[PDB]
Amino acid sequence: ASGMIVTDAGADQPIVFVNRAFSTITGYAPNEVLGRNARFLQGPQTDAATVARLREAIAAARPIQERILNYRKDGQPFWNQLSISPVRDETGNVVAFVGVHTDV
């Protein structure tokens, strides 16, 4: 099953919802991640060039897909196949971001 993260659109995109699969994949309970930016999943061997593309996509509110090295709660590194899309109202305002983790 694929993980899903919803964040607010502004003020550093705090997590507001995660699905069951997110907890299975990352080892984090919802209470541990709600209200935080998802970047806590990144660690010492995470590729800075990949993080830069995520940073610019979020700032522009455009969709992005990256393979990024993340770390489970227990500290084990895993490859996260991450796809992020902005959620917009019909006037073009960004309401939220949705992240999907296509990880086995």
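Sequential numbering from 1, following the sequence displayed.
Peer 1: Averaging the C-alpha B factors as listed in the entry, name the stretch that ends up higher: 49 to 57 or 71 to 79.
Peer 2: Looking at the record's C-alpha B-factors, the answer is 71 to 79.
Peer 1: Mean CA temperature factor from the deposited coordinates, higher in 80 to 88 or in 20 to 28?
Peer 2: Result: 20 to 28.
Peer 1: What third of its chain's C-alpha B-factors does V100 belong to: lowest, middle or highest?
Peer 2: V100: CA B-factor falls in the lowest third of its chain.
Peer 1: Can you work out whether the C-alpha temperature factor of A9 puts it in the lowest, middle or highest third of the chain?
Peer 2: Middle third of the chain for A9's C-alpha B-factor.
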